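Q: Take a look and give me a structure for this.
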Amino acid sequence: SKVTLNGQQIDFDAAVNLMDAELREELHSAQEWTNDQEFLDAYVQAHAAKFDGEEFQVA
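A: Numbers count the residues shown, from 1 in each chain. The protein structure is shown below:
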């Protein structure tokens, strides 16, 4: 799928490949996800919380 990150449409699988492994599995285990965009948006929030405010980016 494509998801929107920081105003740009990017491949979700590529984004997932850049996600912190512990956070990605925590989010996957915690709940059902309506779609990949909801997953990404929650990941961005969790990444900022884990890494002292760092903005997840893909580039």
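
Q: CA only for contacts and neighbour counts going forward, please
A: Noted.

Q: Measure how buried residue 47 is and give me the count.
A: For residue 47, the neighbour count with other CA atoms under 10 Å is 19.

Q: swap in the one 5 residues further on?
A: One way to gauge burial is a neighbour count; for residue 52, by other CA under 10 Å, it gives 8.

Q: Stretch 19-36: which residues count as buried?
A: In terms of neighbour count (16 or more other CA atoms under 10 Å), stretch 19-36 has its buried residues at 19, 24, 27, 36.

Q: Kindly report the same for stretch 45-59.
A: 46-47, 56.

Q: Quote the end-to-end distance of it.
A: Start-to-end span of stretch 45-59 (CA to CA, to the nearest Å) is 18 Å.

Q: Which residues does that stretch contact?
A: 5-6, 15, 18, 20, 23, 44 (CA atoms under 8 Å, 6 or more residues apart in numbering).

Q: mind putting the buried residues of stretch 45-59 in JSON lines, distance to residue 32 and secondary structure included?
A: Shown next, in JSON lines, are these (distance: CA to CA, whole Å; DSSP: H, G, I helix; E, B strand; the rest coil):
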{"residue": "46", "distance to residue 32": "16", "secondary structure": "helix"}
{"residue": "47", "distance to residue 32": "19", "secondary structure": "helix"}
{"residue": "56", "distance to residue 32": "22", "secondary structure": "coil"}
